[PDB]
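Written below as structure tokens is the structure these notes are about.
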Amino acid sequence: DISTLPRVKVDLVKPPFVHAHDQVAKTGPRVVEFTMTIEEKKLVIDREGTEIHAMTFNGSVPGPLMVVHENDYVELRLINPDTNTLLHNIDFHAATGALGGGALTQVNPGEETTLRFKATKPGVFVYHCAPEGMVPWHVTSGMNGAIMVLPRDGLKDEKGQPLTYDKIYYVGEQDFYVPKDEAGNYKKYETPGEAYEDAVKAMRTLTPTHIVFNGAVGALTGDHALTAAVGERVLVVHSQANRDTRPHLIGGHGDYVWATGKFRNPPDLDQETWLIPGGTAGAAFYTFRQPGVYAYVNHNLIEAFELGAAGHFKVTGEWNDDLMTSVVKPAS
Amino acid sequence: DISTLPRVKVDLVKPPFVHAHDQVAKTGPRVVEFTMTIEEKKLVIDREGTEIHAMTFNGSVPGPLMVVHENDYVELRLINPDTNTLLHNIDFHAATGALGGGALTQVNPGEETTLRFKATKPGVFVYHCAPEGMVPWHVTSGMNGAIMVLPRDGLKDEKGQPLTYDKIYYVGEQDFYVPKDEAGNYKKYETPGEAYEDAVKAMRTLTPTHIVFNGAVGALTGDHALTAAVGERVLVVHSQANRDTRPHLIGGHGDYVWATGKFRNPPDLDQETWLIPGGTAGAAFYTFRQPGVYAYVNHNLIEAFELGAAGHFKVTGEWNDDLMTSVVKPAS
Amino acid sequence: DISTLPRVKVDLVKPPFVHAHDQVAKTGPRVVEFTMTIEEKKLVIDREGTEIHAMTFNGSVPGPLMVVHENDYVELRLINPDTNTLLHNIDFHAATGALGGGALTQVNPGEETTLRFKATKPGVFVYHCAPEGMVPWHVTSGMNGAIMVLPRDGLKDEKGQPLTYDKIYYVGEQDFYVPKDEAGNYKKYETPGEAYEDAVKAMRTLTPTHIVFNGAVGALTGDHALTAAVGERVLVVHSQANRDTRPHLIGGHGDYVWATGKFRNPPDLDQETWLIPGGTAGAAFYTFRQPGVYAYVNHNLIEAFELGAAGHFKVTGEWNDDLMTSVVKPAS
Ligand SMILES: O=N[O-]
Ligand SMILES: O=N[O-]
Ligand SMILES: O=N[O-]
Ligand SMILES: O=N[O-]
Ligand SMILES: O=N[O-]
Ligand SMILES: O=N[O-]
Ligand SMILES: O=N[O-]
Ligand SMILES: O=N[O-]
Ligand SMILES: O=N[O-]
Ligand SMILES: O=N[O-]
Ligand SMILES: O=N[O-]
Ligand SMILES: O=N[O-]
Ligand SMILES: O=N[O-]
Ligand SMILES: O=N[O-]
Ligand SMILES: O=N[O-]
Ligand SMILES: [Cu+2]
Ligand SMILES: [Cu+2]
Ligand SMILES: [Cu+2]
Ligand SMILES: [Cu+2]
Ligand SMILES: [Cu+2]
Ligand SMILES: [Cu+2]
């Protein structure tokens, strides 16, 4: 009887940050209530000033990470205000039945809907918009995110001992296919609707024009770099709703990786680089051991350094010469 | 002494269906006899009426699934009738030596051959044609299939308890590279031989024009949708002889997945999406929990919804509101 | 105190061969000293005589495999002689901190540097050049290799029993992006520097013009085929610094595979084909059971047979008819 369960309202935060939650569950099953507002907006995605009409959950690319526990109920109020132009919906890969909720969540501009589902399987899972006949266009315009369903006793290593993270970040990787004129310049449109047939032709090439973390080239750099301290345990959740990726932390490793993101399986250990298939979210746990700048990249290095799939960590603390040292500095 | 073993003749069925077999072996080792006839035929692969000269085992794309048990002998009579034009052969990834049988099975039009091999390793494995110097052309013209070698005591979960499927389906995914004129229209040829150099140029782009299940856009939809009932245990075998794929059941999961298809390994649990590398067959076990339409897609959604890698399941039975429900239907 | 540890000087050998080493460690931790000299050179990569300006460690593509044990220190003297033109460095994915050593190893032509790091994690790992702002150009010009960090007690199977290899080979797979004129002919340059902007444009296509083992189309064939004897245990280390690959031994299997190359994890068994993600090294163990020619391919067969990702093994010994036999040779 769901009416006797506690309800809790969560306010979502912008990626790469994640709303507050408990790793080990301090209550029994709950109905966890979320609200999301669809926003169609103009987004500038690179240094050149290239602009797309992005389709977003809650104003961001990716949409926010939702965090619940196994056997919680998720109740999502989804709002499509009348300032938008398109029909949208939501498919949760975490959910069972009705096209992951897609069949029950079709909202025209001006409409809302509330969907509930039980989170029966632990792991990180993609969610994405998927309207009949326009599925890839919505997804590759930025309309995807992820949900983490933690086991009620938190994460476990390959032996079954607890793993506790001190910080968690969410990296949404987005493949864009900006249409081009005959000469290779990116085209501009006044509405999302105008671009439809050119977007289809751009997608059919299977060649993205940009691949970005958190919605833009350089989004996770400078003042927006991810931060940590030597000795901190960091969980990085990474999703790609449409195309394969191969994350790598330059200067580090994935100590424990769930590459396909499902926590009933034991993690892979000591990974240099791991494959997250398109349509999947994965999770990597790392304990930082050296201070400095680290780059976190898709290790197709063309995709990383030319197309934009690179961000930075800035890590504070003490340098350990036993792990690494320059014996003779560069010289004649 | 193979002469003292029982022989059994199996008649193959068209995909996505699979010939009858026992999961747990009810006899000792056998010589299981199969026959396949190579057919070159004109195939229409999309709604636009685009036609290719397909090269098939037994008239279908994919070729039929063969099912044996570990330590059976497979004996394959392969017939290339004189109405064909090309030399063909067969490489079984399940087999050991002679290029998977490829070196011993070269048949000109008018010839047959009989190959025997011992199925020493359990799993689902690709088979494909592979004639010297024309390997990708044959494979990407549809000349591939799969064989399942069951452990003699059937399938096991990650703990080692039996897993029993009520139904089994075989999904062959095929990347095609239809050559195009200067303007982007698909070219037409009277024979397979005519297309050779244009096919090579189309392949070298690494960009397929179509990606289909069971030989055509929409082949596993409408009246040809896969069927099941709530509470049935379904095994889906999926192969791709040439290009990576990432299957996903929309509205469901892969409860137990052997992504690289080899049953001595424990399955991966609770998968949303899994990667089957090109040149591999994989297997996913699911128990249906909700009725309705499910889409089974390659979750590069461009490949799925624009290039054709999508099919449907229609599932009958009772709807479970505890797993999912619409709390407030779409409205103002 | 590193000053009390034994030092040992190793001389590197050209791939596909590997310097001598012990599987099970016969000493305690050591500082293992290597030297590498960067060479920029003109390389012919195909039968047509297409030439690139390759950037190499020690004159080869890939660079040589370095082999140490877990908790050894690696000390690398890296020399950029003044006959080169570019700035280079080295990132070891095996190492912790400073961008895998990249931040500390920047050497102009005329300079050297010596870097030390502790090999804390067992597995096969990529190393590659990664100079600020020119990372993919260096990597895709051939400037990558691998290091194997063996557990001190050698390799173990999934149950934990020893696995001992009789031979080891290293296959570096290289994606090249040779720039093309308007008509599709490959362009030629007098220096590496001249090509820079055309190379960037070629890379941005995400479509390699060639994919090769050991630096050229046909490099591991004929007189340069890999050799083995029936009953030998062979370890094949395989790396790809930039793009996903899916190795397959035609006529054989991967009996034990570490697809993502990290030995604290149990191997995958009985693989037909496995995915090594770009930015990763993997390892496959096989025991040969039949004599003859075997092809070792990337099983995107276009990439293999049209773009060049294929080599051969020649295996000597006795033919086993129980595993495979031609019952009726090709005939009318
Ligand atoms: O500006 N709205 O796409
Ligand atoms: O689905 N593209 O990796
Ligand atoms: O091909 N996907 O990175
Ligand atoms: O789904 N594997 O963590
Ligand atoms: O290049 N050594 O000074
Ligand atoms: O019609 N035969 O390709
Ligand atoms: O081999 N192409 O994924
Ligand atoms: O790139 N293979 O879907
Ligand atoms: O090969 N793994 O099931
Ligand atoms: O958009 N709410 O009616
Ligand atoms: O010839 N040196 O690139
Ligand atoms: O990163 N390309 O498979
Ligand atoms: O797409 N990498 O073979
Ligand atoms: O990293 N897996 O062997
Ligand atoms: O094609 N049989 O002789
Ligand atoms: Cu939408
Ligand atoms: Cu989806
Ligand atoms: Cu053929
Ligand atoms: Cu094959
Ligand atoms: Cu370099
Ligand atoms: Cu790297």
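Here chain A follows Swiss-Prot, giving residues 46-377 in order.
If you're wondering, the header gives X-ray crystallography, 1.9 Å.
In case you wondered, yes, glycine gets a Cβ from its N, Cα and C as well.
What Swiss-Prot says about this protein:
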{"type": "BINDING", "residues": "A:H133, A:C174, A:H183, A:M188", "note": "Cu cation 1 binding site"}
{"type": "BINDING", "residues": "A:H138, A:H173, A:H344", "note": "Cu cation 2 binding site"}
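Feature map: Swiss-Prot annotations on the structure.
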{"residue": "A:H133", "record": "Cu cation 1 binding site", "DSSP class": "strand"}
{"residue": "A:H138", "record": "Cu cation 2 binding site", "DSSP class": "coil"}
{"residue": "A:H173", "record": "Cu cation 2 binding site", "DSSP class": "strand"}
{"residue": "A:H183", "record": "Cu cation 1 binding site", "DSSP class": "helix"}
{"residue": "A:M188", "record": "Cu cation 1 binding site", "DSSP class": "coil"}
{"residue": "A:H344", "record": "Cu cation 2 binding site", "DSSP class": "coil"}
Identify, in sequence order, the binding-site residues in A:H138, A:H173, A:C174, A:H183, A:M188, A:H344 that approach chain C with a C-beta to C-beta distance under 8 Å; the answer is 'none' if none do. A:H344
What's the most sparsely packed of the binding-site residues A:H133, A:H173, counting other C-beta atoms within 10 A? A:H133
I'd like to know which of the binding-site residues A:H138, A:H173, A:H344 sit within 10 A of A:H183 (Cu cation 1 binding site) at the Cα level. A:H173
Taking only the Cα atoms, work out how far A:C174 (Cu cation 1 binding site) lies from A:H138 (Cu cation 2 binding site), in Å, as a whole number. 11
How many neighbouring Cβ atoms, not counting its own, are there within 10 Å of the Cβ of A:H138 (Cu cation 2 binding site)? 31
Within 8 Å of the Cβ centroid of the Cu cation 1 site residues A:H133, A:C174, A:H183, A:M188, which other residues of the same chain have their Cβ? A:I83, A:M100, A:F102, A:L131, A:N134, A:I135, A:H173, A:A175, A:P176, A:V184, A:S186, A:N189
List which of the binding-site residues A:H138, A:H183, A:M188, A:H344 have a Cβ under 8 Å from any Cβ of chain B, in sequence order, or say none. A:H138
For the binding-site residues listed (A:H183, A:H344), most other Cβ atoms within 10 Å of the Cβ sits at A:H344
For A:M188 (Cu cation 1 binding site), what residues in its own chain, 6 or more apart in sequence, show a Cβ-Cβ distance under 8 Å? A:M100, A:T101, A:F102, A:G108, A:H133, A:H173, A:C174
All-chain count of other Cβ atoms within 10 Å of A:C174 (Cu cation 1 binding site): 29
